[PDB]
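Protein chains: 2
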Amino acid sequence: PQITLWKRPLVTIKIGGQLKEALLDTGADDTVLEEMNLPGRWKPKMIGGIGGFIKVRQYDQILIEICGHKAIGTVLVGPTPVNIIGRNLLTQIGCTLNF
Amino acid sequence: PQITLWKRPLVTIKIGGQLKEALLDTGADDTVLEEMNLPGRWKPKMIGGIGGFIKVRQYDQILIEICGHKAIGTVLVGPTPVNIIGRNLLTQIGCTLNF
Ligand SMILES: CCOP(=O)(COc1ccc(C[C@H](NC(=O)O[C@H]2CO[C@H]3OCC[C@H]32)[C@H](O)CN(C[C@@H](C)CC)S(=O)(=O)c2ccc([C@H](C)O)cc2)cc1)OCC
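Line by line, the protein sequences are chains A and B. Under the authors' numbering, the first sequence has 89 at position 89, and the numbering climbs by one with no breaks. Under the authors' numbering, the second sequence has 29 at position 29, and the numbering climbs by one with no breaks.
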């Protein structure tokens with residue numbers, strides 16, 4: 001689809017069998033979701049934002065369906081203010097900016 | 001044009017008579033620019049993201065040219081790590097997400 005930006009580009013995602021709402025975020029290199037339970041191994045990681053760094057749990061090769069488009073990639077889980085879908089997955093679903 | 005997301009979507013902007021590099025950021029409601037001494041009145045503001053909040057100065061009705069497309073709106077000036085072009089300006093240049 002074509003998504004305008006007059007409102008936040010929020011979409012429904014399916015991850016670990018659960019539906020959530022997430023923001024399509026071209027300013028984010030990586031994908032960061034709010035605290036949740038995901039199966040499998042994970043490694044601690046640090047990521048920095050506008051206000052500083054947070055500790056996240058890094059889950060690799062995680063299946064995630066974004067607005068009906070499948071992706072399999074890295075998902076960071078931690079105290080982000082909102083679920084954000086970053087470029088690592090936006091590229092997988094073929095998302096581009098156009099003007 | 002069309003901008004893929006393999007790399008950060010960095011473009012040249014023109015503001016206050018200066019050229020700068022900025023990030024087209026669909027995850028940002030508003031626009032946040034590096035420290036610059038713009039003329040005119042302003043009001044203090046707090047903006048938050050990953051890692052907490054930072055103090056910024058809010059200037060209104062600022063003209064920015066983004067890839068030759070002009071836009072006029074609010075700009076937040078402060079110690080941001082990157083120049084962030086938010087939806088308030090992206091909408092004015094007709095920017096959309098597409099997949
Ligand atoms: C060399 C130093 O750089 P640095 O590492 C940080 O650099 C960066 C800092 C910020 C960004 C943009 C930010 N992306 C981001 O957080 O991405 C994280 C996850 O993926 C990684 O990729 C890049 C960083 C990591 C997002 O797109 C937009 N945000 C809102 C989003 C969280 C939804 C609520 S916002 O910025 O907070 C914001 C809030 C309010 C407004 C106005 C008021 O409406 C405007 C902007 C990109 C690079 O320093 C470490 C301290």
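The C-beta atom is built at its ideal place from N, Cα and C for all residues, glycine as well.
Checklist entry - How is the alpha helix (DSSP H) around A/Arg87 delimited, first residue to last? => result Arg87 to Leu90
Next on the checklist: Just checking A/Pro81 against ligand 2 - is the residue's beta carbon closer than 7 Å to any of the ligand's heavy atoms?
Outcome noted: Among the ligands in the structure shown, ligand 2 does not appear; only ligand 1 can be found there.
Checklist entry - Using 8 Å as the threshold, is the segment 73–89 of chain A in touch with the segment 31–47 of chain A, meaning 3 or more CB pairs across them? => result With the rule of 3 Cβ pairs closer than 8 Å, the segment 73–89 of chain A counts as touching the segment 31–47 of chain A.
Checklist entry - Cβ of B/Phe53 within 7 Å of any heavy atom in ligand 1? => result no
Checklist entry - Bridge partners of A/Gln58, per DSSP? => result Per DSSP, the beta bridge partners of A/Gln58 are A/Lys43 and A/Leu76.
Checklist entry - Would you say A/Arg87 faces chain B, with C-beta separation under 8 Å as the test? => result Yes, A/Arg87 lies at the interface with chain B (some Cβ there is under 8 Å from its Cβ).
Next on the checklist: Considering Cα atoms alone, identify which of A/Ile3, A/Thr4, A/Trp6 and A/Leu23 is closest to A/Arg87.
Outcome noted: A/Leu23
Item to check | Helix, strand or coil at B/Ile93 according to DSSP, with G and I counted as helix | outcome: helix
Checklist entry - Just to confirm, does B/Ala71 get its C-beta within under 7 Å of one of the non-hydrogen atoms of ligand 1? => result no
Checklist entry - Looking at A/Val32 and ligand 1, is the gap between the Cβ and the nearest heavy atom below 7 Å? => result Yes, Cβ of A/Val32 sits closer than 7 Å to a heavy atom of ligand 1.
Checklist entry - What are the residues that DSSP puts in a beta bridge with B/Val11? => result B/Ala22
Checklist entry - Does the beta-carbon distance from A/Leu97 to B/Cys95 come in below 8 Å? => result yes
Item to check | Sufficient close CB pairs (3 or more, under 8 Å) joining the segment 56–71 of chain A to the segment 1–20 of chain A | outcome: yes
Item to check | Neighbourhood of A/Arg8 by C-beta, 8 Å cutoff - its chain only, sequence neighbours within 5 removed | outcome: Apart from sequence neighbours up to five positions away, the residues of its chain that approach A/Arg8 with a beta-carbon distance below 8 Å are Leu23, ordered along the chain.
Checklist entry - Got a sec: is the Cβ-Cβ distance from B/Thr91 to anything in chain A below 8 Å? => result yes
Checklist entry - At a CB-CB cut-off below 7 Å, which residues of chain A make contact with B/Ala28? => result Against B/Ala28, the close residues of chain A are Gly27, in the order they occur along the chain (beta-carbon pairs closer than 7 Å).
Checklist entry - Ends of the beta strand (DSSP E) at B/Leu33? => result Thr31 to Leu33
Checklist entry - Under the criterion of a Cβ to heavy atom distance below 7 Å, does A/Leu89 qualify as lining ligand 1? => result no
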